[PDB]
Each structure stands twice: as C-alpha cells, then as structure tokens.
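Each chain, written out:
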Amino acid sequence: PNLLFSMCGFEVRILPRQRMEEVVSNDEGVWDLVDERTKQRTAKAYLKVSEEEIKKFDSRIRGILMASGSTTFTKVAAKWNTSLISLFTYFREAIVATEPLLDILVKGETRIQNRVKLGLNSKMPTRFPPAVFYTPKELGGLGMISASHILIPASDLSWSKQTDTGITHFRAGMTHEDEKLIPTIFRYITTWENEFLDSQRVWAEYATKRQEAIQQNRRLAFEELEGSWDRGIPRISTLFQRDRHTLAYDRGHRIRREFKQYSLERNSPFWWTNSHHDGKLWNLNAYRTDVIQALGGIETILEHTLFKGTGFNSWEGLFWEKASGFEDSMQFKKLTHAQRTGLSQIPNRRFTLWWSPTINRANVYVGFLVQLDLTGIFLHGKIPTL
Amino acid sequence: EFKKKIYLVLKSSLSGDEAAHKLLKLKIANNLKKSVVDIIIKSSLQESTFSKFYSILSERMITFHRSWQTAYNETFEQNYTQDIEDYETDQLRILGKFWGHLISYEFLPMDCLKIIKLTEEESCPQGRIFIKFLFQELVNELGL
Amino acid sequence: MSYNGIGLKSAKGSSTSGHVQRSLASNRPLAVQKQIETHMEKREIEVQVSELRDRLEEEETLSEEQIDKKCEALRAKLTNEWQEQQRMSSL
RNA sequence: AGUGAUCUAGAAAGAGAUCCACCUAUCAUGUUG
Ligand SMILES: [K+]
C-alpha cells in the first residue's frame, strides 16, 4: 500500500486514503495529496529528512567546531544560527517526525554552547543560564537560536522498528535549572505545505486582479496588493524587484547556484534559493521578541548583567558599538600569526565582563575562592578572560 | 502572565502532541480552560496561515477530558457569535479552516453548526466568509 | 537504563538528563439439514430396537439368536410404521 | 482526570591564522476654436 521515494533530501512515503485502515488527523510533516478532478484529499505523503542530509547537518556542525578554535563567542553563535536556519528553512515540516535529527540537533546545540563554556574554562551549569546564550546580540547575549529545548519523542524501540507506535512518551532535550521555556525556531517558520497552499491562493487572486486591472485599463498599485506582498512562492514582492528589467534575462540560475559547489570553497548554505527570483522565504524577527519574553523580559535579563554597575541611565540607550574597536583598527596592520590570533580575546573579554555577575556567581557546585590581586574581588573559579 | 505562560508553552513545542502534553501537565482549573482555548485560538490567528499543529493540539486536548471538549464547544459558538466581527479576512480564513478540520473529524460535533443562521438579518459578511471557509475545508476533507 | 522499554541506554553521551515522561496526549432448508432430520427419525427406530435388546439381554432369559429375532421383528414393525407415516405426510 | 523515569559541574602545561540568513524602492497645457 505504500509508495516510497527520496528526492532532494526528503524521504517521502505516499499512502492512499483508500488503503488506510482508518483515516486519522496528522500534524505538520504529512502532506495531503488532493485529486484535482474531485478537489478531494485522496492520499497522504509522510515526510522525513534523509539519513544523508542528517549526516550533512552534523558534518556542518563539526566543521564549525573544528574551524572555530580561536573564534569569538559571537561568531561561533552566528555560525550555529546560519546552519540551524539553513536546516530548518529548507526541510521545515519534514523535521517533525525525524527523531535522529532531533537527537543530532540537541547534541549540536550543546556542543556549540560547550565551545563558549570551554573558552571560559568552565562547564558549570549555574554559570551559564539560558540568558547568556539566547539573549539577543543587542543586549549583549550571544543571540543563539534554539531548536533543542523541545521534548524529544520516545517510544519502545522494538515496536518502533516494526510499526508506528505514535508518541507514547517524551524524553528531555536541552534543559536548565531555570524554570523557563525557550521558544523553538520551528514555530516561526511556515511549513512548506502551508506556503504552497497560500501561494496558490494569493497568485490566483493576483491573476484575477491583473485581468481586472487591464479591463479597467489601470495599473495595479503597489498597495493594491498589500497583505499579499510577503506571501506566495515566488513572493508577490518579486513582481516589483528593483532590477527586474535585467533579471528577466537570468536563466539557469538554480543549477548555476547549485553548481557553485564545484568552483568555490565557501558556499552559501542557501544554495537552493535566490532572493532575486524567489523573494524572502522566511522571517524570524518574531523569535527575538519571544525569546526576550521567555527569558523574563529586559528587566530579568539585565539582572544577570553588569548593567547596574555601569551607572548607565536607561536600558534604551544601550547602543553597543558593533562597528568599531581596537581589534577593528588592528586587523589591517602588519601582524604575526600570534598577534592576529590574539585579537579574538578582546570581544570575548567584553562578553565575559557583561555577564560577569553571573559567570562569577557565588552559587557554584565546587570552587575554591581565589582573591583577585589588589582588589576585594573573589573569583569562585579560574576564569582567565574574566 | 497566564496568557504569556500558555503562549510560551505553544511556541516552545515542535509538535502538537508535545504542546498538548505540556498544557495537560499544567492541570489548568476548569474555569480557566475556556480562556486557554481562547489563547490557543488567538495564537493560531497570529500565524500567516493555518497549521496542523493547532488542530492536533486541540484534538489531543479534546480527547483528554470532557471539560476540554465543552471548552472548545463554547469557544466555537463564542467565535461565531461575538468575535467574528473583530476578525479580518485572513484571520477568518484560518479560523474557518481550523473549525472545519475539527468538525470534519467529529472532535467538534456537527451539531455545533446549529448556531449558524443563514439569513440577511442574523448573519454578517464576517460570518458568511467564515462559513464559506469552514465548508470549503469540510468538502476538501470529506468529499461531497 | 530503559524502563518498560522506554528510556535511553544511558544519559551519558546524549547531552540530556534522559528524563522520561509519559505523554498525557496519547490515549430453503439446505438438503443437508433435511438429511440430518431424516437420519434422526430413522435413528429413533434403531434406538427403540437397541433398548429392547438391552432389556432382553439384561433379563438373561433369551439366547442371542432369539434376541436378534425379536429385534428384527420390532425393527420391521417400526420401519413399516415409519414408512407409512412418511407416505402420509408426503401425501 | 492529570503518579512515576532528572547527564552535567576543574586544574596545570602545550595548542589556535580568515570568509555568506537577516530591516516593504498616471494626465494638473497659456491662447488662438
Ligand atoms: K609548544
């Protein structure tokens, strides 16, 4: 009763409705196939991420950890975000039912956080509350995007290998002592099925408005398509792309972008989409808002920082000079390999100082107090950058 | 704070089963269950499109206990009787598909449609647009 | 260590506590019957003959040959009465 | 109709060479007919 194939990294299993024992409702990750003649759903397509793509994601995380031996904490978190967004925006609902990928996501995110922790010579959980990693960059956090704080499905493996057991149990993913639920990236990306159905809708509406616009001998106004602008595949906004008069000649652009892998050592992980031709296919701006809420708001976040000691008037004026510093003046100079590798210590020092009240908190599992020379400060552990 | 708590439970879950499990583990008091359903509906109405995540979540809540089924029943009639006038056509599209999905699988009984009164006086464009999307989902899932 | 087949082999190397929670979300008289009836009717005749045989043997008064003769006589009488009844019912 | 399942935690000495998610871009012309 099942027809199976793997295409473009997706594992697909088609089961016709007429072959099902009973028709049950499904979550995201199970497409409904509609018979265009009857306009009725006649089959379900179950999705999974292929084992090869799972291994490719894990390899990308390994590549980040292997390359970032002397990288700044912020650049490590940014690389993690790039890989995580590439994975989720490409596979979307196929991730939902791929348990080995959830396991790899948990391990990858933990390893990325461990790179920062080990950079600070300490893996002590209480020293690194979620606020350190997930607080947005504009508030001095690493701005990591989470996917692993979810509950991972668990069920008897013996039965799971023979039949679909459903989700009878859950096992913990990433966890922290603090009683707070971090948002998961998946909840901010519209699944492909919904994008395709909404695309069929907005583009049929556009086709109708286009014909009426010519019947009235009008031009369609830019805000005559408001609300649809950020919808469709390609996005409606591409109709008014600034360079559309040249891009009309751009042919074979998808294969060209995929073949870049053979001619360039560093390639975009977004090899599958071109913003000129497709438009912006995702918008993660709401994630930052909700992560700030999940962390307890600005107030709670700043309680973990040195903010009160700065005497700064308001959190609103907290404009980090993200474009200048000593290390930025130095990167162009004649420097030895040692002098260049040593420049990454500077931003790491700033990050450590900002979160220092939490990094040097008193409530630690173990730690002999060492007094800092010429000061009344006690370090609960040896943290050189601090 | 309660709205925030429920919203964060939703946004922290990969699947509707996980979200349903977390909400059920909260042991929400019977008088708050309707407000929880209201938060779930409003959260689903913030998305750009419908999502199976909300239908699975609701379905698991409904089948867990009768108090959740009645909370969903009254939230449906609440939506059609009072809230539809505050919904734009995008929100009505999502809402119609959502309730149509729950009706198409009997999680919400078709008897709930008894509150629908197709007449020029007891209905409004918001309600008729809602009915249109609801029935469109019904025919797509069940067939004529 | 798993419990009822659920958990991880170990929490080590999983990057998680391994804590497991039960999901609250999951929950015309077929000719053969006429043949059996006819057999039962003929059987009742043979049952009567066997009962007579039992009585005569238990009385230990008659030889096996005299008992066989009395049984054949009773069989003939009852079979004739049955054939007459079947002819009358079919009539 | 709501029980259970809870990794982690630091010291010394060496090492380390970089690159791609990411703030929505139509007439207005004086008069001569
Ligand atoms: K050395």
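Residues numbered from 1 in each chain as written, not as in the entry; some residues may be left out. Chains lettered and ligands numbered in written order. Part of a larger assembly, values for the part shown. Heavy atoms only, no water. Residues with missing side-chain atoms left out of burial classes, pairs and counts.

**Brief notes about the overall build of chain C**
Check the secondary structure of chain C and you find 2 helices and 1 strand. Traced from its N-terminal end to its C-terminal end, chain C shows the element sequence β-α-α. Expressed as lengths along the three principal axes of its C-alpha atoms, the size of chain C is roughly 100 × 45 × 20 Å. (Helix = DSSP H or I, 4+ residues; strand = E, 2+ residues; numbered from the N terminus.)

**Here's the deal with the packing of aromatic side chains**
Tallied over the full model, the rule gives 28 aromatic pairs over all chains. Taking the centre distance of 5.8 Å and the plane angle of 40° together, the rings of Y90 of chain A and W271 of chain A count as tilted. In this pair, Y90 of chain A sits in helix α2 (residues 73-91) while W271 of chain A sits in the loop between α8 (253-259) and α9 (275-278), placing the two residues 181 residues apart along the sequence. What makes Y90 of chain A buried here is its relative accessible area of 12%. Seen from their ring centres, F98 of chain B and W99 of chain B are 4.9 Å apart, and the 75° between their planes marks the pair as edge-to-face. Like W99 of chain B, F98 of chain B is buried. Three or more aromatic residues joined by ring pairs form one cluster here, namely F10, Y90, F91, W192, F196, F270, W271, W272 and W282 of chain A. Of note, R187 of chain A hangs over the ring of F53 of chain B, and the distance from its end group to the ring centre comes to 3.6 Å. (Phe/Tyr/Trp six-rings, centres within 6.5 Å; stacked < 30°, edge-to-face > 60°. Buried < 20%, exposed > 50% of the residue type's maximum accessible area, 1.4 Å probe, protein only. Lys NZ or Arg CZ within 6 Å of the ring centre and 35° of its normal.)

**Observations concerning the environment of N81 of chain A**
Residue and element names in this part refer to chain A. As for its placement among the helices and strands, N81 is situated in helix α2. Sequence separation of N81 and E316 is 235 residues, and the distance between their C-alpha atoms is 26 Å. In this structure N81 touches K137, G143, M144 and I145, once residues within four positions along its chain are discounted. (Contact = heavy atoms within 4.5 Å.)

**Focus on the sheet that holds strand β5 (residues 152-154) of chain A**
In spatial order, the strands read β5(A)-β6(A)-β1(C); together these 3 strands make up an open sheet with antiparallel pairing. The outermost strands of the open sheet, each flanked by one partner alone, are β5 of chain A together with β1 (20-22) of chain C. The mean angle between the axes of side-by-side strands here comes to 35°, regardless of whether they run parallel or antiparallel. The pairing of strand β6 (residues 169-171) of chain A with β1 of chain C spans 3 bridges and is antiparallel. Along β1 of chain C, the bridge assignment pairs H169 of chain A with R22 of chain C. (Pairing = 2+ DSSP bridges. Axes fitted to C-alpha atoms, helices over the stretch in contact; angles between N-to-C directions.)

**Re helix α2 (residues 16-25) of chain B**
Among the 10 residues that make up α2 of chain B, 9 are buried, leaving the element largely enclosed by the rest of the structure. Taken together, the buried positions of α2 of chain B are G16, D17, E18, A19, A20, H21, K22, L23 and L24 of chain B. Structurally, α2 of chain B contributes buried residues whose contacts are with β6 of chain A, α1 (2-11), α3 (33-46), α4 (52-64) and α5 (66-81) of chain B together with β1 of chain C. Within two residues after α2 of chain B, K27 of chain B carries a phi angle of roughly 50°, on the positive side.

**A few points about the interface of chain A and chain B**
If you look at the interface, chain A gives 37 residues, while chain B gives 36 residues. Counting across the interface, chain A meets chain B through 6 salt bridges. A salt bridge links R41 of chain A to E137 of chain B; the nearest nitrogen and oxygen atoms lie 2.9 Å apart. Here chain A is connected to chain B by 25 residue pairs in polar contact. (Salt bridge = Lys/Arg side-chain N within 4 Å of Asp/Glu carboxyl O. Polar contact = N/O pair within 3.5 Å; in protein donor to acceptor, adjacent residues only side chain to side chain.)

**Quick word on the protein's contact with RNA strand D**
Taken together, 48 residues lie near RNA strand D, and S122, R219 and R288 of chain A together with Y3 and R22 of chain C sit nearest. For RNA strand D, the backbone portion of the atoms within 4 Å of the protein, that is sugar and phosphate, comes to 41%. Between RNA strand D and the protein, one listed contact pairs a phosphate oxygen with a side-chain N or O atom of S122 of chain A at 2.8 Å. Within the contact set of RNA strand D, a base nitrogen lies 3.5 Å away from a side-chain nitrogen or oxygen of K33 of chain B. No other element matches α2 of chain A, which puts 3 residues into the surface near RNA strand D. Per-class residue counts for the surface near RNA strand D are 14 nonpolar, 19 polar and 15 charged. (Near = heavy atom within 4 Å. Nonpolar A, V, L, I, M, F, W, Y, C, P; charged D, E, K, R; others polar.)

**A look at the UniProt feature "domain: CWF21" in chain C**
Those residues carrying the UniProt feature "domain: CWF21" are residues 37-81 of chain C in this numbering. When the span residues 37-81 of chain C is considered, its composition is 89% helix and 0% strand, and the gap between its end C-alpha atoms is 17 Å. (UniProt positions renumbered as here; feature names shortened; annotations may be inferred.)

**Observations regarding the interface of chain C and chain A**
Each partner contributes to the interface: chain C provides 15 residues, whereas chain A provides 15 residues. Summing both sides of the interface, chain C and chain A together bury roughly 1,200 Å²; the carbon and sulfur share of this comes to 53%. On inspection of chain C and its partner chain A, the count reaches 0 salt bridges. For the pair chain C and chain A, the interface holds 5 residue pairs in polar contact. (Buried area = accessible area lost by both parts, 1.4 Å probe.)

**What about the pattern of salt bridges?**
All names here are of chain A. By the definition in use, this model includes 31 salt bridges over all chains. With a shortest N-O distance of 2.9 Å, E195 and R235 are connected by a salt bridge. Of the two residues, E195 sits in helix α6 (residues 192-215) while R235 sits in the loop between α6 and α7 (244-247), which places them 40 residues apart along the sequence. On the basis of relative accessible area, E195 is assigned to the buried category, the value being 7%. Judged by its relative accessible area of 5%, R235 is buried.

**Topic: the UniProt feature "coiled-coil region" in chain C**
When the UniProt feature table is mapped onto this chain numbering, "coiled-coil region" sits at residues 37-74 of chain C. Taken as a whole, residues 37-74 of chain C contains 87% helix and 0% strand, while its terminal C-alpha atoms sit 22 Å from one another.

**Comments concerning helix α6 (residues 89-104) of chain B**
All names here are of chain B. For α6, spanning 16 residues, the distance from its first C-alpha to its last is 22 Å, which sits close to the expected 22 Å at 1.5 Å a residue. Of all 16 residues that make up α6, 13 are buried, and the element is covered over most of its length. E106 lies just past α6 and shows a positive phi near 65°. (Expected span 1.5 Å × (residues − 1).)

**Some points on the side chain of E137 of chain B**
Examined against the element boundaries, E137 of chain B turns out to sit in helix α7 (residues 125-142). Taking the relative accessible area as the measure of exposure, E137 of chain B reaches 4% and is therefore buried.

**A few points about the sheet that holds strand β4 (residues 40-49) of chain A**
Residue and element names in this part refer to chain A. One open sheet holds the 4 strands; their spatial order is β1-β2-β4-β3, and the pairing between them is antiparallel. The open sheet has two edge strands, β1 (3-7) and β3 (30-35), and neither has a second partner. Going across the sheet, the axis of each strand differs from the next one's by a mean of 25°, ignoring polarity. Bridge count between strand β2 (residues 10-16) and β4: 7 bridges; the pairing is antiparallel. Bridging from a neighbouring strand, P16 pairs with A43 of β4.

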